[PDB]
Amino acid sequence: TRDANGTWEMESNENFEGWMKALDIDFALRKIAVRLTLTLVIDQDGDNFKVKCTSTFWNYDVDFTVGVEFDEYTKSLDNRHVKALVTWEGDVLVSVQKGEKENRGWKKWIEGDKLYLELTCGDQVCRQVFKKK
Ligand SMILES: *C/C=C/c1ccc2c(c1)C(C)(C)c1cc(N(CC)CC)ccc1-2
């Protein structure tokens, strides 16, 4: 349950608006983003990950190495500098993004066919579920 490789199609997405609002995403943009279908493509090779999140109007790409802190500029999101770090906690993949926002990051649980993703910012959690295509 440590293998996140694949093309992942969205099944559910709860509190997406609250999480985007916690990041200060423009209100008008949030209402469009709530309509867009999101696809998550992950390439995982040892510690090296390439993550690509795509919609009609929006893309979010990030590459990282597990265990290696990296400077991140969330240019397509809230446009902030964070110090990001992705590590394993048992079978959970955990990202912490140190910076202005508290409790910022995500956690991924892979259970065979399904990927559970919890994105956090401040007091908000967005819960997403994907199924491998
Ligand atoms: C393990 C996957 C982590 C991860 C990081 C960043 C994002 C995501 C998943 C998505 C797919 C939830 C996502 C969507 C968005 N947009 C909404 C504002 C759409 C492209 C941004 C960042 C991430």
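Reading guide: rules and limits
Residues numbered from 1 in each chain as written, not as in the entry; some residues may be left out. Heavy atoms only, no water. Residues with missing side-chain atoms left out of burial classes, pairs and counts. UniProt positions renumbered as here; feature names shortened; annotations may be inferred. Near = heavy atom within 4 Å. Areas by Shrake-Rupley, 256 points an atom, 1.4 Å probe, with all protein chains shown as cover. 1 Å grid on protein atoms, 1.4 Å probe; cavity = no way out; pocket = protein on both sides within 12 Å on 5 of 7 lines; lining within 4 Å. Sits in = over half its atoms within 2 Å of the grid points. Helix = DSSP H or I, 4+ residues; strand = E, 2+ residues; numbered from the N terminus. Nonpolar A, V, L, I, M, F, W, Y, C, P; charged D, E, K, R; others polar. Core = buried A, V, L, I, M, F, W, Y, C linked by side-chain atoms within 4.5 Å. Buried < 20%, exposed > 50% of the residue type's maximum accessible area, 1.4 Å probe, protein only. Contact = heavy atoms within 4.5 Å. Patch = residues over 30% accessible without salt bridge, like charges linked within 9 Å, V, L, I, M, F, W, Y side chains within 5 Å. Salt bridge = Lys/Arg side-chain N within 4 Å of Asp/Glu carboxyl O. Points joined across faces, edges and corners; volume = space filled by probe spheres on them.

Determination of this PDB entry was carried out by X-ray crystallography to a resolution of 1.201 Å, according to the record.

The name the PDB entry assigns to the chain is Retinol-binding protein 2, from the organism Homo sapiens. In its Function section, UniProt records this for the chain: "Intracellular transport of retinol." As stated in UniProt under Sequence similarities, the record for the chain gives "Belongs to the calycin superfamily. Fatty-acid binding protein (FABP) family."

Student: Even after reading the chapter, I still don't get the site of the ligand, so can you show me in this structure?
Tutor: In the neighbourhood of the ligand, the contacting residues comprise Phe-16, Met-20, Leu-38, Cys-53, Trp-58, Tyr-60, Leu-77, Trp-106, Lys-108, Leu-117, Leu-119 and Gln-128. Burial of the ligand by the surrounding chains reaches 97%, relative to a free accessible area of 540 Å². The site holding the ligand turns out to be the largest cavity. Elements supplying a minimum of two residues to the shell around the ligand: α1 (16-22), β8 (105-111) and β9 (114-121). In the shell around the ligand, the residues fall into ten nonpolar, one polar and one charged.

Student: What should I look at first to understand the nonpolar core in this one?
Tutor: In a soluble, globular protein the nonpolar side chains are often hidden away together inside. Ranked by internal contacts, the top residues of the largest apolar core, which has 30 residues, are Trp-19, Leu-40, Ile-42, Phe-64, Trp-106 and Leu-115. Where this core is concerned, the elements lending two or more residues are α1, β2 (39-45), β3 (48-54), β4 (59-65), β6 (81-89), β8, β9 and β10 (124-132). What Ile-42 contacts, discounting residues up to four positions off in sequence, is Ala-4, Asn-5, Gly-6, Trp-8, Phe-49, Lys-50, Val-51, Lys-108 and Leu-115.

Student: In this structure, what is going on with a nonpolar patch on the surface? I would like to understand it.
Tutor: A cluster of nonpolar side chains, contributed by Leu-29, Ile-32 and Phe-57, occupies part of the molecular surface with about 330 Å² of accessible area. Among the structural elements, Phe-57 can be located in the loop between β3 and β4.

Student: Honestly, the environment of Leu-23 in this entry has me stumped. Any pointers?
Tutor: For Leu-23, the position within the fold is in the loop between α1 and α2 (27-33). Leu-23 gets classed as buried once you look at its relative accessible area, which sits at 2%. In this structure, the C-alpha to C-alpha distance between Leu-23 and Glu-118, residues 95 residues apart in sequence, is 15 Å. Each residue touching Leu-23, except ones within four places of it in the same chain, is listed here: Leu-77, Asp-78, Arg-80, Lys-101, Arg-104 and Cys-121.

Student: What is the right way to look at the environment of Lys-132 in this model?
Tutor: Here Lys-132 is to be found in strand β10. Taking the C-alpha atoms as reference, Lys-132 lies 15 Å from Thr-37; in sequence the two are 95 residues apart. Aside from chain neighbours lying at most four places away, what touches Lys-132 is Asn-5, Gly-6, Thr-7, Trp-8 and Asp-113.

Student: In this structure, what is going on with the layout of surface pockets? I would like to understand it.
Tutor: Rolled over the atoms, a probe sized like a water molecule indicates the empty space that remains. Roughly 170 Å³ of internal volume is contained in the largest pocket. What lines the largest pocket is a set of 13 residues, and nearest its centre among them are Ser-95, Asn-103, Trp-106, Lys-107 and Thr-120. For the lining of the largest pocket, the element with the highest residue contribution is strand β7 (residues 92-98), accounting for five residues. Partitioning the lining of the largest pocket into residue classes produces four nonpolar, five polar and four charged.

Student: Looking at this structure, how should I read the pattern of salt bridges?
Tutor: Side chains that carry opposite charge are capable of pairing whenever their charged atoms lie near each other. A full pass over the atoms with the stated rule returns seven salt bridges. Linking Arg-80 and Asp-78 is a salt bridge whose minimum nitrogen-to-oxygen distance equals 2.9 Å. Exposure remark for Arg-80: the relative accessible area of 24% places this residue in the partly exposed category. Between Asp-78 and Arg-104 there is a salt bridge, with its nearest N and O atoms 2.8 Å apart. Of the two residues, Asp-78 is situated in the loop between β5 (70-73) and β6 and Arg-104 in the loop between β7 and β8; the sequence distance between them amounts to 26 residues. Here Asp-78 and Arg-104 have matching classes, each one buried. The network of salt bridges with shared partners includes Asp-24, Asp-78, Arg-80, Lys-101 and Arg-104.

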